[PDB]
2 protein chains.
Amino acid sequence: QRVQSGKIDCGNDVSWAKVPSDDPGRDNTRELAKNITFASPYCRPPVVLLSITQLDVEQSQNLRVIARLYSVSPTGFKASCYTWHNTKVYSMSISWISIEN
Amino acid sequence: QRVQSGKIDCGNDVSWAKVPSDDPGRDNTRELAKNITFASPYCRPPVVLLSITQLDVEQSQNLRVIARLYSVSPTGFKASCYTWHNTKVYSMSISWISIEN
Ligand SMILES: *[C@@H]1O[C@H](CO)[C@@H](O[C@@H]2O[C@H](CO)[C@@H](O[C@@H]3O[C@H](CO)[C@@H](O)[C@H](O)[C@@H]3O)[C@H](O)[C@H]2NC(C)=O)[C@H](O[C@@H]2O[C@@H](C)[C@@H](O[C@@H]3O[C@H](CO)[C@H](O)[C@H](O)[C@H]3O[C@@H]3O[C@@H](C)[C@@H](O)[C@@H](O)[C@@H]3O)[C@@H](O)[C@@H]2O)[C@H]1NC(C)=O
Ligand SMILES: *[C@@H]1O[C@H](CO)[C@@H](O[C@@H]2O[C@H](CO)[C@@H](O[C@@H]3O[C@H](CO)[C@@H](O)[C@H](O)[C@@H]3O)[C@H](O)[C@H]2NC(C)=O)[C@H](O[C@@H]2O[C@@H](C)[C@@H](O[C@@H]3O[C@H](CO)[C@H](O)[C@H](O)[C@H]3O[C@@H]3O[C@@H](C)[C@@H](O)[C@@H](O)[C@@H]3O)[C@@H](O)[C@@H]2O)[C@H]1NC(C)=O
Ligand SMILES: *[C@@H]1O[C@H](CO)[C@@H](O[C@@H]2O[C@H](CO)[C@@H](O[C@@H]3O[C@H](CO)[C@@H](O)[C@H](O)[C@@H]3O)[C@H](O)[C@H]2NC(C)=O)[C@H](O[C@@H]2O[C@@H](C)[C@@H](O[C@@H]3O[C@H](CO)[C@H](O)[C@H](O)[C@H]3O[C@@H]3O[C@@H](C)[C@@H](O)[C@@H](O)[C@@H]3O)[C@@H](O)[C@@H]2O)[C@H]1NC(C)=O
Ligand SMILES: *[C@@H]1O[C@H](CO)[C@@H](O[C@@H]2O[C@H](CO)[C@@H](O[C@@H]3O[C@H](CO)[C@@H](O)[C@H](O)[C@@H]3O)[C@H](O)[C@H]2NC(C)=O)[C@H](O[C@@H]2O[C@@H](C)[C@@H](O[C@@H]3O[C@H](CO)[C@H](O)[C@H](O)[C@H]3O[C@@H]3O[C@@H](C)[C@@H](O)[C@@H](O)[C@@H]3O)[C@@H](O)[C@@H]2O)[C@H]1NC(C)=O
Ligand SMILES: CC(=O)N[C@@H]1[C@@H](O)[C@@H](O)[C@@H](CO)O[C@@H]1O
Ligand SMILES: CC(=O)N[C@@H]1[C@@H](O)[C@@H](O)[C@@H](CO)O[C@@H]1O
Ligand code: NA
Ligand code: NA
Ligand SMILES: [Zn+2]
């Protein structure tokens, strides 16, 4: 079926946004969220899978990363690179595939 | 006996030095160390007591502070304001007294 793919480059976390934490055991929650628009819209939300295909993380603090999928519409999806506490992310990229349901 | 007093103002931790940690359970150890010279030297090392008399610390991370006394000579002493991990110190001051032994 209609299969589409792309890659989100989140870059250095200095440019990421503070976001409220959804977990009281995590603080300093930060993310680079993007609304991705499909090159060809679907009529119904496709299945999207995310894959972390680049990481550059500081060794002196724990590695803490999430590739978050927030929502999928027929025309796009919202995803983020997400970290917390004292992790330092110098780069992170998320490869993705969408497949008609 | 000859009693002397003063106050060390360490200021904002952005200007503090990274120092090697003396405790594997502490990282990001940082300090503002000063070599204090007594206005009137002693012939023997006096007793020095340190007191933390100013603190301005960020509430979003734990408060972690030490007023460290490293050494005392007849002519002075070495002390520091010391913090670690993700504590943010905006100001810290150490009042001190020296008393002939
Ligand atoms: C203008 O449009 C072109 C496409 O027509 C685009 O270039 C293409 O970018 C793709 C990523 O979106 C890249 O595909 C990837 O390649 C990876 C392997 O290299 C794979 O793992 C991925 O799966 C994916 O397939 C294409 O190869 C690339 N095509 C061509 C013909 O270049 C432009 O994107 C921007 O420029 C790209 C060259 C690339 O930048 C380079 O990234 C590398 C490391 O990834 C490195 O940082 C380079 O220094 C950097 O290029 C330099 O800096 C950029 C900003 C520009 O000034 C370049 O001319 C420099 O050489 C990509 O990441 C960039 O977004 C796109 N935009 C611009 C401004 O040209
Ligand atoms: C991707 O697209 C979505 C919509 O589909 C968009 O989110 C929507 O943003 C609307 C503003 O454009 C917002 O409506 C407003 O809501 C106000 C009350 O909250 C009203 O007064 C206004 O009249 C207006 O109606 C929608 O509620 C919102 N919808 C949803 C479902 O979220 C994205 O916009 C970006 O993310 C939004 C959540 C929001 O960011 C948040 O802003 C608040 C304070 O306003 C705060 O700073 C939050 O911390 C911030 O969210 C976090 O940071 C952003 C940058 C992302 O990383 C979020 O995931 C984090 O939680 C909005 O201002 C942002 O532009 C849009 N873009 C992205 C990158 O997701
Ligand atoms: C030049 O020498 C004078 C002394 O002759 C010195 O001023 C004295 O500083 C003492 C601290 O070393 C201070 O004693 C303390 O007072 C505290 C209560 O206020 C007590 O808790 C302490 O126990 C201790 O006793 C004296 O009061 C003070 N004396 C006088 C006559 O001023 C200069 O030090 C520098 O200036 C001081 C005025 C002071 O700076 C001020 O600090 C306060 C908050 O503490 C605040 O930040 C003010 O804005 C700041 O003053 C302003 O900025 C400074 C940098 C100068 O530009 C001042 O003219 C401004 O008003 C002290 O901390 C400073 O180091 C000393 N050096 C200079 C450059 O004048
Ligand atoms: C207060 O006075 C003491 C001396 O009584 C002084 O410490 C001495 O500094 C000497 C350099 O001036 C050093 O001698 C050198 O040692 C080298 C080998 O290590 C030789 O190649 C040289 O030929 C020369 O002999 C002495 O070993 C040293 N003595 C002691 C007992 O410490 C203070 O200087 C400051 O602190 C020193 C410890 C040192 O700082 C350290 O430098 C190393 C790499 O050189 C590294 O960056 C450390 O992280 C750093 O120490 C930390 O940061 C400093 C700023 C303080 O916060 C320390 O407590 C931390 O551990 C020296 O370079 C510094 O100027 C002097 N001043 C202060 C503020 O304490
Ligand atoms: C407060 C906060 O974010 N705490 C984090 C916790 O969530 C977890 O990531 C842990 C191990 O890496 O490191 C810290 O304790
Ligand atoms: C690695 C490191 O510095 N860890 C610190 C630990 O030393 C202690 O201060 C604790 C409670 O505040 O917070 C962190 O876990
Ligand atoms: Na490590
Ligand atoms: Na608090
Ligand atoms: Zn921690």
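Values below: all heavy atoms of this structure, side chains included; hydrogens, waters and symmetry mates excluded. To find a chain, count down the sequence lines: A is the first, B the second, and so on, and within it residues start at 1.
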>> One thing to verify: whether A:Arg68 and A:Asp22 come together as a salt bridge, which I'm taking to mean a side-chain N less than 4.0 angstrom from a carboxylate O.
In response: yes
> Hey, does the side chain of A:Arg30 reach the backbone of A:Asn28 with a donor-acceptor pair shorter than 3.5 angstrom?
Replying inline: yes
> Do the ring centers of B:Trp16 and B:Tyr82 come within less than 6.0 Å of each other?
Replying inline: no
> Is B:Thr87 close to B:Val89 at the side-chain level, that is, under 4.5 Å between some pair of heavy atoms?
Replying inline: yes
>> Just so I know, are the side chains of B:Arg26 and B:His85 near enough to count as touching, which here means a heavy-atom distance under 4.5 Å?
In response: no
> Do you know which two heavy atoms are closest between B:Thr29 and B:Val19, and how far apart they sit?
Replying inline: OG1-O, 2.7 Å
> Regarding A:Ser91 and A:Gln54, is there a side-chain donor-to-acceptor distance under 3.5 Å anywhere?
Replying inline: yes
>> Is there a side-chain contact between B:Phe77 and B:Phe38 in this structure, where contact means two heavy atoms from C-beta onward sitting under 4.5 Å apart?
In response: yes
> Strictly by modelled atom types, are A:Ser98 and A:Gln4 linked by a side-chain donor-acceptor pair under 3.5 Å?
Replying inline: no
> Partners of B:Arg64 by salt bridge (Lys or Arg N to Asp or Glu O under 4.0 Å), sequence neighbours excluded?
Replying inline: none
>> Looking only at side-chain N and O atoms, does A:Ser51 offer a donor or acceptor that is under 3.5 Å from a partner on A:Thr53?
In response: no
>> Please check: side-chain N/O of B:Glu31 versus main-chain N/O of B:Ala33, any donor-acceptor pairing under 3.5 Å?
In response: no
> Do the side chains of A:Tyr42 and A:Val47 join up, straight or via other hydrophobic residues, at under 4.5 Å, putting them in one cluster?
Replying inline: no
> Is there a chain of hydrophobic side chains (I, L, V, M, F, W, Y, each step under 4.5 Å between heavy atoms) that links B:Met92 to B:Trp96?
Replying inline: yes
>> Give me the atom names and distance for the closest heavy-atom approach of A:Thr83 to A:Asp13.
In response: CG2-OD2, 4.4 Å
>> Check this for me: does any side-chain nitrogen of one of A:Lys18 and A:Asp27 sit under 4.0 Å from a carboxylate oxygen of the other?
In response: no
>> The criterion is side-chain contact (heavy atoms from CB on, under 4.5 Å); which residues satisfy it with B:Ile97, sequence neighbours excluded?
In response: B:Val3, B:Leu49, B:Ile99
> What closest approach, in Å, do A:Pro45 and A:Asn101 show between heavy atoms, and which atom pair accounts for it?
Replying inline: O-ND2, 3.7 Å
> Taking side chain as C-beta onward, heavy atoms only, is A:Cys81 less than 4.5 Å from A:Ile94?
Replying inline: yes
> Can you find a heavy atom in the side chain of A:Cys43 that is under 4.5 Å from one in the side chain of A:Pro74?
Replying inline: no
